[PDB]
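**Student:** Dropping in coords24.cif, which is mmCIF, C-alpha atoms and all ligand atoms:
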data_work
loop_
_atom_site.label_atom_id
_atom_site.label_comp_id
_atom_site.auth_asym_id
_atom_site.auth_seq_id
_atom_site.Cartn_x
_atom_site.Cartn_y
_atom_site.Cartn_z
CA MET A 1 -38.95 24.34 67.08
CA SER A 2 -40.73 20.81 66.86
CA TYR A 3 -41.16 18.54 70.12
CA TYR A 4 -42.85 15.01 70.90
CA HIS A 5 -45.43 14.65 73.93
CA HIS A 6 -46.78 11.23 75.48
CA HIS A 7 -49.70 10.34 78.06
CA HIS A 8 -49.11 7.90 81.03
CA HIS A 9 -52.05 6.41 83.11
CA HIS A 10 -53.17 3.45 85.51
CA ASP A 11 -51.31 1.21 88.08
CA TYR A 12 -50.00 -2.43 87.56
CA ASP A 13 -50.47 -2.16 83.73
CA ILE A 14 -47.78 -5.03 83.10
CA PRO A 15 -47.21 -7.05 86.37
CA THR A 16 -45.26 -9.97 84.61
CA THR A 17 -41.49 -9.24 84.41
CA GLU A 18 -40.10 -11.94 81.90
CA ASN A 19 -38.31 -9.25 79.82
CA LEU A 20 -35.63 -10.86 77.43
CA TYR A 21 -31.87 -10.40 78.67
CA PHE A 22 -28.29 -11.18 77.11
CA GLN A 23 -26.36 -13.92 79.22
CA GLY A 24 -23.52 -14.10 76.63
CA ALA A 25 -21.38 -12.52 73.69
CA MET A 26 -22.65 -13.57 70.06
CA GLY A 27 -22.40 -11.95 66.53
CA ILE A 28 -25.27 -9.32 65.77
CA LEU A 29 -26.19 -8.30 62.08
CA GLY A 30 -25.01 -4.58 61.59
CA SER A 31 -23.51 -1.81 59.46
CA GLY A 32 -20.63 0.32 60.84
CA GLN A 33 -21.53 3.78 59.47
CA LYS A 34 -18.03 5.33 59.33
CA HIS A 35 -16.45 2.64 57.12
CA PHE A 36 -18.16 -0.77 56.74
CA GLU A 37 -21.34 0.92 55.35
CA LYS A 38 -19.49 2.35 52.32
CA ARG A 39 -18.62 -1.12 50.92
CA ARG A 40 -22.28 -1.86 49.90
CA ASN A 41 -22.06 0.02 46.55
CA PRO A 42 -18.65 -1.38 45.28
CA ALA A 43 -19.40 -5.03 46.24
CA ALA A 44 -22.67 -4.91 44.23
CA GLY A 45 -20.78 -3.29 41.30
CA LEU A 46 -18.01 -5.92 41.41
CA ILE A 47 -20.53 -8.82 41.49
CA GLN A 48 -22.72 -7.45 38.67
CA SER A 49 -19.77 -6.38 36.45
CA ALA A 50 -18.49 -9.99 36.78
CA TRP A 51 -21.92 -11.39 35.74
CA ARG A 52 -21.86 -9.30 32.52
CA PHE A 53 -18.38 -10.69 31.80
CA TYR A 54 -19.87 -14.26 31.83
CA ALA A 55 -23.09 -13.42 29.95
CA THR A 56 -23.88 -14.81 26.46
CA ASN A 57 -27.41 -13.35 26.45
CA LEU A 58 -29.02 -10.32 28.17
CA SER A 59 -32.53 -8.75 27.95
CA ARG A 60 -31.14 -6.31 25.39
CA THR A 61 -31.33 -6.13 21.62
CA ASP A 62 -28.75 -8.33 19.81
CA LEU A 63 -30.74 -10.03 16.99
CA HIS A 64 -32.70 -6.86 15.83
CA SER A 65 -29.87 -5.71 13.44
CA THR A 66 -29.80 -9.31 11.85
CA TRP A 67 -33.69 -9.02 11.24
CA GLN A 68 -32.99 -5.62 9.36
CA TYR A 69 -30.36 -7.55 7.16
CA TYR A 70 -33.17 -10.19 6.35
CA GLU A 71 -35.44 -7.18 5.18
CA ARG A 72 -32.47 -6.17 2.92
CA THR A 73 -32.37 -9.72 1.36
CA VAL A 74 -36.23 -9.70 0.58
CA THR A 75 -35.82 -6.62 -1.82
CA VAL A 76 -34.99 -7.94 -5.36
CA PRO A 77 -32.23 -5.32 -6.04
CA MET A 78 -28.62 -6.31 -4.93
CA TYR A 79 -26.10 -3.77 -3.44
CA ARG A 80 -22.30 -4.54 -3.33
CA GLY A 81 -21.64 -2.48 -0.16
CA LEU A 82 -24.35 -4.14 2.12
CA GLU A 83 -24.94 -2.68 5.65
CA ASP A 84 -22.42 0.16 6.48
CA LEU A 85 -20.76 0.40 9.90
CA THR A 86 -23.39 -1.61 11.82
CA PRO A 87 -23.09 -0.62 15.48
CA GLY A 88 -21.81 -3.74 17.46
CA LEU A 89 -23.64 -3.53 20.78
CA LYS A 90 -22.77 -7.05 22.06
CA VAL A 91 -19.04 -6.40 21.32
CA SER A 92 -19.43 -2.94 22.98
CA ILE A 93 -20.87 -4.58 26.16
CA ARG A 94 -17.84 -6.96 26.24
CA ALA A 95 -15.44 -3.98 25.98
CA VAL A 96 -17.01 -1.94 28.81
CA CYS A 97 -17.77 -4.82 31.27
CA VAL A 98 -14.06 -5.71 31.71
CA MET A 99 -13.13 -2.02 32.33
CA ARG A 100 -16.01 -1.68 34.85
CA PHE A 101 -14.88 -4.98 36.54
CA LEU A 102 -11.19 -3.90 36.83
CA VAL A 103 -12.25 -0.50 38.26
CA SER A 104 -14.65 -2.35 40.62
CA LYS A 105 -11.75 -4.43 42.02
CA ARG A 106 -9.83 -1.20 42.81
CA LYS A 107 -13.00 0.39 44.32
CA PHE A 108 -13.54 -2.72 46.49
CA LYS A 109 -9.90 -2.37 47.69
CA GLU A 110 -10.39 1.42 48.30
CA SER A 111 -13.53 0.69 50.34
CA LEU A 112 -12.01 -2.21 52.28
CA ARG A 113 -9.44 0.47 53.24
CA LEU A 114 -10.96 3.91 54.08
CA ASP A 115 -9.86 7.23 55.84
CA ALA B 1 -1.96 -15.96 27.32
CA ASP B 2 -2.75 -13.04 25.02
CA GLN B 3 -4.74 -15.06 22.44
CA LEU B 4 -5.40 -18.79 21.87
CA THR B 5 -5.49 -18.17 18.12
CA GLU B 6 -5.26 -15.02 15.93
CA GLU B 7 -9.07 -15.05 15.20
CA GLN B 8 -9.68 -13.26 18.54
CA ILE B 9 -7.60 -10.25 17.38
CA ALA B 10 -10.47 -9.34 14.99
CA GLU B 11 -12.97 -9.16 17.95
CA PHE B 12 -10.52 -6.90 19.83
CA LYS B 13 -9.71 -4.81 16.67
CA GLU B 14 -13.29 -3.73 15.95
CA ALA B 15 -13.97 -3.24 19.69
CA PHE B 16 -11.13 -0.66 19.63
CA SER B 17 -12.29 0.70 16.21
CA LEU B 18 -15.82 1.45 17.48
CA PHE B 19 -14.18 3.86 19.99
CA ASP B 20 -11.47 5.45 17.77
CA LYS B 21 -12.59 8.30 15.49
CA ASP B 22 -10.82 9.36 12.29
CA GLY B 23 -7.64 7.26 12.70
CA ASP B 24 -5.75 9.22 15.37
CA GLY B 25 -4.83 5.75 16.79
CA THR B 26 -5.63 6.15 20.51
CA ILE B 27 -8.85 6.42 22.55
CA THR B 28 -9.35 9.71 24.49
CA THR B 29 -12.10 10.33 27.15
CA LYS B 30 -14.35 12.13 24.61
CA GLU B 31 -14.20 9.11 22.24
CA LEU B 32 -14.66 6.60 25.13
CA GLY B 33 -17.82 8.39 26.39
CA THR B 34 -19.16 8.98 22.86
CA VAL B 35 -19.83 5.31 21.97
CA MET B 36 -21.71 4.72 25.25
CA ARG B 37 -23.65 7.99 24.74
CA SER B 38 -24.69 7.00 21.14
CA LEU B 39 -25.88 3.56 22.41
CA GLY B 40 -27.93 5.37 25.13
CA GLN B 41 -26.24 4.96 28.54
CA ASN B 42 -23.88 7.79 29.52
CA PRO B 43 -21.54 7.49 32.59
CA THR B 44 -20.64 10.66 34.53
CA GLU B 45 -17.62 12.79 33.43
CA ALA B 46 -16.09 11.84 36.82
CA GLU B 47 -16.65 8.07 36.09
CA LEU B 48 -15.01 8.42 32.66
CA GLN B 49 -11.90 10.00 34.27
CA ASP B 50 -11.91 7.27 37.00
CA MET B 51 -12.10 4.57 34.24
CA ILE B 52 -9.16 5.96 32.18
CA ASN B 53 -7.09 6.29 35.37
CA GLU B 54 -7.19 2.56 36.33
CA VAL B 55 -6.65 1.53 32.58
CA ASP B 56 -3.70 3.06 30.54
CA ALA B 57 -0.57 2.88 32.91
CA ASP B 58 1.50 4.90 30.33
CA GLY B 59 -0.33 7.71 32.08
CA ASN B 60 -0.79 10.04 29.08
CA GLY B 61 -4.64 9.78 29.18
CA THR B 62 -5.20 8.17 25.75
CA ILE B 63 -5.66 4.37 25.54
CA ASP B 64 -3.26 2.50 23.20
CA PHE B 65 -4.21 -0.64 21.16
CA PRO B 66 -1.83 -3.23 22.74
CA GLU B 67 -2.63 -1.79 26.20
CA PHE B 68 -6.36 -2.17 25.36
CA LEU B 69 -5.70 -5.70 24.00
CA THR B 70 -3.75 -6.57 27.18
CA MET B 71 -6.65 -5.25 29.32
CA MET B 72 -9.26 -7.20 27.24
CA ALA B 73 -7.30 -10.40 27.02
CA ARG B 74 -5.06 -10.90 30.09
CA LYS B 75 -5.22 -14.75 30.72
CA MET B 76 -8.29 -15.74 28.66
CA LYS B 77 -11.24 -17.41 30.49
CA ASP B 78 -10.29 -18.61 33.99
CA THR B 79 -11.46 -18.92 37.63
CA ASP B 80 -10.16 -15.40 38.00
CA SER B 81 -9.66 -13.18 41.09
CA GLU B 82 -11.63 -15.47 43.45
CA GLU B 83 -10.64 -13.95 46.86
CA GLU B 84 -11.84 -10.49 45.73
CA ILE B 85 -15.24 -11.84 44.48
CA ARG B 86 -15.79 -14.48 47.19
CA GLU B 87 -15.04 -12.23 50.20
CA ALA B 88 -17.32 -9.49 48.70
CA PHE B 89 -20.35 -11.79 49.23
CA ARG B 90 -19.15 -12.66 52.79
CA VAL B 91 -19.70 -9.06 53.96
CA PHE B 92 -23.47 -9.46 53.36
CA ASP B 93 -24.52 -13.18 53.57
CA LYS B 94 -27.70 -14.23 55.44
CA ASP B 95 -26.53 -16.92 57.88
CA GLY B 96 -23.59 -19.30 58.61
CA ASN B 97 -24.39 -21.86 55.92
CA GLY B 98 -23.16 -19.49 53.14
CA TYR B 99 -26.23 -18.29 51.25
CA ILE B 100 -28.15 -15.21 50.07
CA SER B 101 -31.98 -15.24 49.88
CA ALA B 102 -33.59 -14.23 46.54
CA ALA B 103 -35.64 -11.23 47.85
CA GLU B 104 -32.57 -9.52 49.39
CA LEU B 105 -30.46 -10.52 46.33
CA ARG B 106 -32.93 -8.71 43.99
CA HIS B 107 -33.06 -5.64 46.32
CA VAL B 108 -29.24 -5.21 46.41
CA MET B 109 -28.90 -5.90 42.63
CA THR B 110 -31.68 -3.40 41.73
CA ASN B 111 -30.61 -0.55 44.04
CA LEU B 112 -26.78 -0.78 44.24
CA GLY B 113 -23.88 -0.87 41.75
CA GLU B 114 -25.12 -1.51 38.23
CA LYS B 115 -28.84 -1.43 39.18
CA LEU B 116 -30.64 -4.44 37.56
CA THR B 117 -34.26 -4.72 36.45
CA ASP B 118 -36.12 -7.79 37.73
CA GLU B 119 -35.92 -10.11 34.63
CA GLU B 120 -32.07 -10.09 34.57
CA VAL B 121 -32.09 -10.91 38.32
CA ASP B 122 -34.20 -14.03 37.47
CA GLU B 123 -31.62 -14.87 34.70
CA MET B 124 -28.93 -15.21 37.45
CA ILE B 125 -31.13 -17.96 39.03
CA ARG B 126 -31.73 -19.61 35.59
CA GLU B 127 -28.03 -20.55 35.09
CA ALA B 128 -27.87 -22.46 38.42
CA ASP B 129 -29.71 -25.74 39.18
CA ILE B 130 -31.99 -24.26 41.89
CA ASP B 131 -35.37 -25.76 42.88
CA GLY B 132 -37.78 -25.14 45.82
CA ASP B 133 -36.57 -22.70 48.46
CA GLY B 134 -34.75 -20.06 46.31
CA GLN B 135 -31.58 -19.71 48.42
CA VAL B 136 -28.37 -19.00 46.46
CA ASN B 137 -25.02 -20.65 47.29
CA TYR B 138 -22.69 -17.80 46.34
CA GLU B 139 -19.41 -19.81 46.51
CA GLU B 140 -20.85 -22.42 44.07
CA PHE B 141 -22.42 -19.68 41.86
CA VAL B 142 -18.92 -18.13 41.49
CA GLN B 143 -17.54 -21.59 40.49
CA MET B 144 -20.26 -21.94 37.80
CA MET B 145 -19.77 -18.36 36.48
CA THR B 146 -15.95 -18.54 36.40
CA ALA B 147 -15.80 -22.15 35.19
CA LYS B 148 -13.03 -23.23 32.79
CA CA A 201 -8.74 8.65 18.94
CA CA A 202 -1.91 5.98 27.15
#
Would you mind giving the structure from this file in structure tokens?
Ligand SMILES: [Ca+2]
Ligand SMILES: [Ca+2]
**Tutor:**
Amino acid sequence: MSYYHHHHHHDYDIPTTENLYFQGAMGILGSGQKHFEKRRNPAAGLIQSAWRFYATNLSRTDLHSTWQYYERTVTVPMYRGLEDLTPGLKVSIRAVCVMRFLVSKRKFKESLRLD
Amino acid sequence: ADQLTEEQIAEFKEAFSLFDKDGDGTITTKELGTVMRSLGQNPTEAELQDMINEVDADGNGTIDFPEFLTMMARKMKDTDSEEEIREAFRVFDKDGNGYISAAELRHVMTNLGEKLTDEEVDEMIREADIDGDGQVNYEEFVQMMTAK
């Protein structure tokens, strides 16, 4: 349906012949499409799940809930119950990062080995 | 090594209790996805099934509390699983001095796996004593991260 056409003209356009050649066997950067290629996604997941496991701080909101408790203290009235069921996001991140990491180890092992 | 002291059981207890709804005592896939969905990041239904396959060897499909505690705790903080982490870098390093350049490191971190935004990529640099050229020694970075 769709084709590519080119124009050739003149004589002796490039007389010099110092074209580069390979005189030996050395490693070349590459991705083997059938298998090696499919390890890019798990390796990145394994590395970045591990980083979360270390992390004490992240760009995400930890301290915002503590600032809402300070607004509670400024009001003169006192409530026995205090905040109810405050969602623990930093604890939640700790719970899911280890699961993601353990799964990532299996995915790295089932992308090291492929069909 | 399941705890150093019994204080850590409280951290594990409320981590479980965020997931469990109404005191049925075990975490099912609906409960597991629900907490993440309420926070605002929702894994695929396929990912949730993949996650509760690798965890929970009893193989019933609901996560038990000591199994969850065992998964959370294991051996405490350690230089854990090094061959798996270390060789993962070695598939994709720049050159035979053992490093990854910052521009490629941001591009892989942003577009693969867990998909970072740029500031948290800079935070990875900020925990290592790096000056000038911006070339990351992955083997050393793993030692710093998994220090004990
Ligand atoms: Ca439940
Ligand atoms: Ca179970």
**Student:** Between CA of residue 110 (chain B) and CA of residue 43 (chain B), what is the distance, to one decimal in Å?
**Tutor:**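 Straight-line distance from CA of residue 110 (chain B) to CA of residue 43 (chain B) works out to 17.5 Å.
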**Student:** Please identify all protein, DNA and RNA residues within 8 Å of ligand CA 202 (chain A), counting all atoms listed in the file, and report them as a PyMOL selection string.
**Tutor:** chain B and resi 26+56-64+67
**Student:** Which residues, written as a ChimeraX atom specification, have at least one atom at most 9 Å from region 48-52 of chain A, with all atoms listed in the file counted and residues fewer than 5 positions away on the same chain left out?
**Tutor:** /A:43,58,93-94,97-102,104 /B:85,109,113-116,124,145-146
**Student:** Specify as a list in words all residues of chain A found within 6 Å of chain B, counting all atoms listed in the file.
**Tutor:**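 The selection requested is residues 41, 43, 44 and 45 of chain A.
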**Student:** Using only C-alpha atoms and all ligand atoms, determine which residues fall within 8 Å of ligand CA 201 (chain A), then list them as number ranges by chain.
**Tutor:** B: 19-28, 31, 62
**Student:** Which of these, B:7, B:45, B:140, B:82, has the shortest distance to residue 127 (chain B) once you count only C-alpha atoms?
**Tutor:**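 Among the listed residues, the smallest separation from residue 127 (chain B) belongs to B:140.
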**Student:** What does the distance between CA of residue 74 (chain B) and CA of residue 4 (chain B) come to in Å, to one decimal place?
**Tutor:**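 CA of residue 4 (chain B) lies 11.4 Å from CA of residue 74 (chain B).
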**Student:** Would you mind reading off the distance between CA of residue 30 (chain B) and CA of residue 62 (chain A), one decimal, in Å?
**Tutor:**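 These two atoms are separated by 25.5 Å.
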**Student:** Within 8 Å of residue 100 (chain B), counting all atoms listed in the file, which residues qualify if same-chain residues fewer than 2 places away don't, as a PDB file with C-alpha atoms, keeping the file's coordinate frame?
**Tutor:**
ATOM      1  CA  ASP B  93     -24.520 -13.180  53.570  1.00  0.00           C
ATOM      2  CA  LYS B  94     -27.700 -14.230  55.440  1.00  0.00           C
ATOM      3  CA  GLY B  98     -23.160 -19.490  53.140  1.00  0.00           C
ATOM      4  CA  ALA B 102     -33.590 -14.230  46.540  1.00  0.00           C
ATOM      5  CA  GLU B 104     -32.570  -9.520  49.390  1.00  0.00           C
ATOM      6  CA  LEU B 105     -30.460 -10.520  46.330  1.00  0.00           C
ATOM      7  CA  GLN B 135     -31.580 -19.710  48.420  1.00  0.00           C
ATOM      8  CA  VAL B 136     -28.370 -19.000  46.460  1.00  0.00           C
ATOM      9  CA  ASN B 137     -25.020 -20.650  47.290  1.00  0.00           C
ATOM     10  CA  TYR B 138     -22.690 -17.800  46.340  1.00  0.00           C
TER      11      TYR B 138
END
**Student:** Which is closer to residue 59 (chain A) than all the others in B:122, B:139, B:133, B:78, using only C-alpha atoms?
**Tutor:**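 Closest to residue 59 (chain A), using only C-alpha atoms: B:122.
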**Student:** Between B:97, B:107, B:48, B:75, which has the minimum distance to residue 103 (chain A) (counting all atoms listed in the file)?
**Tutor:**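 Nearest to residue 103 (chain A): B:48.
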